[PDB]
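Before any comments, here is the structure.
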Protein chains: 2
Amino acid sequence: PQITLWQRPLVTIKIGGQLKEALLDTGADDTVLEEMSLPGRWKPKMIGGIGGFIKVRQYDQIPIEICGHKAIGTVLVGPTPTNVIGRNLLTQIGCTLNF
Amino acid sequence: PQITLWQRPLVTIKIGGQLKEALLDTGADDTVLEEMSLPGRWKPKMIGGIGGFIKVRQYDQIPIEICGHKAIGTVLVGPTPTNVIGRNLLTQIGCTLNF
Ligand SMILES: COC(=O)N[C@H](C(=O)NN(CCC[C@@]1(O)Cc2ccc(cc2)C/C=C/CNC(=O)[C@H](C(C)C)NC1=O)Cc1ccc([C@H]2C=S=CC2)cc1)C(C)(C)C
Ligand SMILES: [Cl-]
Ligand SMILES: [Cl-]
Ligand SMILES: [Cl-]
């Protein structure tokens, strides 16, 4: 698809069999979701945003569908204000910025 | 241009007679720059991201040039950890996400 930016670029993702809404964010290195359960072991990560730093749980090699495009990669889980899909997954689904 | 997302999508902007580097951020409603002087009226605003909120000054109708493309819009100025170009200016240079 081609997504213009007059509204927030919110898309449906699927992860762990569940649909969620998430924001496609080219300004984010990483993908970070609101509290949820994921399988396996996690590692610690501190990520920085506009307001400061939060601690999140890092899960690797997680399957996630983004607008129907399949990806498998690192998902961070923590107290984010919204679900955000960052460049780690945007690259997997072949996203670019164009003007 | 077509901008890949293997790396952070940094561009040069011209604003208030200054050249600055900024991040093209489809997840940002607003454009926020580190402390700088701008002409004209402003009003205070709180903006939120990962890590919580910061207080910024909101300047309206500011001319900016981004990768050779002229636009005009609201620019927020304050203690942001990095310069971000948000959707309010990305729309004006005809920037889209594609995959
Ligand atoms: C390299 O680290 C990162 O990629 N951080 C990422 C990130 O925050 N990077 N930044 C992109 C902006 C994040 C976000 O689009 C992400 C975002 C957060 C909240 C919301 C939407 C989108 C809902 C709140 C509504 C309105 N909020 C915003 O639109 C704000 C803008 C006012 C900035 N939008 C955002 O803050 C900008 C940003 C980049 C770097 C840094 C750091 C540099 S040094 C320490 C931090 C801070 C902010 C992230 C998501 C993993 C925490
Ligand atoms: Cl990844
Ligand atoms: Cl504007
Ligand atoms: Cl358009």
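Chain naming here is simple, since letters A, B, ... match the order of the sequence lines and numbering starts at 1 in each. All ligand and atom numbering here is 1-based and tracks the order in the structure.
- Contact check on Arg57(B) versus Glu35(B) returns a salt bridge, with a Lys/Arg side-chain nitrogen under 4.0 Å from an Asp/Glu carboxylate oxygen.
- Atom 9 (N) of ligand 1 has as its closest protein heavy atom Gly27(A) O, 3.1 Å.
- Residue-environment remark: CD (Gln61(A)) stays at or below the threshold of 12 foreign heavy atoms within 6.0 Å.
- Within the 4.0 Å heavy-atom criterion, the part of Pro81(A) lying near ligand 1 is the side chain and not the backbone.
- For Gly86(A), the closest heavy-atom approach to ligand 1 does not fall below 4.0 Å.
- No donor-acceptor pair closer than 3.5 Å links the side chain of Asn83(A) to the backbone N or O of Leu33(A).
- The two atoms that bring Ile54(B) and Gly51(A) nearest to each other are CG2-CA, 4.3 Å, heavy atoms only.
- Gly48(A) O, 3.7 Å is the protein heavy atom nearest to atom 3 (C) of ligand 1.
- Residue-ligand proximity: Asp25(B) is placed with a non-hydrogen atom under 4.0 Å from ligand 1.
- Short contacts between ligand 1 and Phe53(A), defined as distances under 4.0 Å to a heavy atom of the residue, involve ligand atoms 45 (C).
- Considering backbone and side-chain N/O of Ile47(A), none are found under 3.5 Å from N/O of ligand 1.
- For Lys43(B), the salt bridge (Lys or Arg N to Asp or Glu O under 4.0 Å) test picks out no residue, with sequence neighbours left out.
- Annotation: atom 33 (C) of ligand 1 to nearest protein heavy atom, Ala28(B) CB, 3.9 Å.
- Within ligand 1, the atoms closer than 4.0 Å to a non-hydrogen atom of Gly49(B) are 18 (C), 19 (C), 36 (O), numbered from 1 in the order shown.
- Listed by number with element, the atoms of ligand 1 under 4.0 Å from a non-hydrogen atom of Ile50(B) are 49 (C), 50 (C), 52 (C).
- Between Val77(B) and the options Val56(B), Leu38(B), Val32(B), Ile62(B), a side chain to side chain contact (heavy atoms under 4.5 Å, CB included) holds for only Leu38(B).
- By the criterion of a heavy-atom distance under 4.0 Å, the side chain of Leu23(A), and not its backbone, is placed next to ligand 1.
- Residue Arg8(A) approaches ligand 1 through these ligand atoms, each under 4.0 Å from one of its heavy atoms: 25 (C).
- A salt bridge links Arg8(B) with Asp29(A): the distance from a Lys NZ or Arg NE/NH1/NH2 to an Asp or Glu carboxylate oxygen falls below 4.0 Å.
- Residue-level proximity to ligand 1 for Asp29(A) is carried by backbone and side chain together, each with a heavy atom below 4.0 angstrom.
- Ring geometry for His69(B) against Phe99(A) counts as perpendicular: the plane angle is over 60°, on a 0 to 90° scale with 30° as the lower cut.
- For ligand 1 and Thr82(B), the ligand atoms under 4.0 Å from any heavy atom of the residue are 38 (C), 39 (C), 40 (C).
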